[PDB]
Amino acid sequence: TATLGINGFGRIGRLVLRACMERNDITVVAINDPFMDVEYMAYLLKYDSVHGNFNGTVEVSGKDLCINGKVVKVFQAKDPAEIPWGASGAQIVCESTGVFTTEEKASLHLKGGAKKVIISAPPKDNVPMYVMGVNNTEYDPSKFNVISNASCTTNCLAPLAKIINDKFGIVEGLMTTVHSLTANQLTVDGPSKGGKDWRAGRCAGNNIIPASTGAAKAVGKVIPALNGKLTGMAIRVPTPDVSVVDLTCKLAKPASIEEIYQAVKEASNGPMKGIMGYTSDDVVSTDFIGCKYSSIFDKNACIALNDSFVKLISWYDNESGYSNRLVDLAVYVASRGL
């Protein structure tokens, strides 16, 4: 049974813990976050403005947390090397602070005794990215101690792109993701951290905000065959959670929406079960809150100009789907020997 330690108990960090609490093949044993006292952590875990009250019990036991009768050690270290993961028995660390996305920084968790590290975001350097159901079996435990679970958008696009490319072939594609807001955004017009993404610093509650994303490009690394064939952008909107991918692509072989739908269905019911999903109902974003799939094809919203040029629509709970995939990755990593 793999043990997990969480650094950065934020949106992703807390949902990863919630996912672990629902499984018997992985146990959370420690959490670190310098911006939260143990009482604050208990509070943020218990209540969620999007996913409801925690399904179980949360209590402070001395300096630590007692979640569902299990003891979870708490730390407040500003630097990863200062967290006693080993002494705590944490084998794999979910690096979800958003501030240590390189091998150099993320590897600091190793000094602390961790055996493996999973960055909950695409890396800034060459750390390998894996997407469950697409290329995770490529992971080599003898070569990597620090890996990446990519982004929420890449986890939505990769599985779909794989299915389409395998069956029909993607000549070229452009993507736009209408994405719900994130912690990086601001409630009122203000300066963005580091003064880089100016648009991201504009009132999140009343603006449609164009944004950059490397998700489409990253798919070209997770699926080499698609290198240089995809690129995209993002549009941030006021909703608290759930996003949607709009993939416009030219196919190498003709395909109707019905045929694309059938290909997605065969994949979802077989090799990508639990990862790729689909629907034919008149859904809207809130219907996916809490959905654990990485990508859900919206049949009725897809459109096609002709048999080779189509626009595919796929939903994803950027918080829930991604967190469950990170947990799946952690379990997979454990199964391959730490």
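When you see a residue number, it is the position in the sequence shown, counting from 1.
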item: Mean Cα B-factor comparison, 324-332 or 20-28, giving the higher one as deposited; value: 20-28
item: Stretch with the higher entry mean CA B-factor, where the candidates are 237-245 and 163-171; value: 163-171
item: Residue of maximum C-alpha B factor among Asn55, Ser285, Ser49, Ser294, per deposited coordinates; value: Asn55
item: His179 by Cα B-factor - lowest, middle or highest third of the modelled chain; value: lowest
item: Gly8, C-alpha B-factor rank within chain (lowest, middle or highest third); value: lowest
item: Within-chain third of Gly277 by Cα B-factor, per the entry; value: lowest
item: Cα B factor band for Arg199 (lowest, middle or highest third within the chain); value: middle
item: Ranked against its chain, the third holding the CA B-factor of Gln262; value: middle
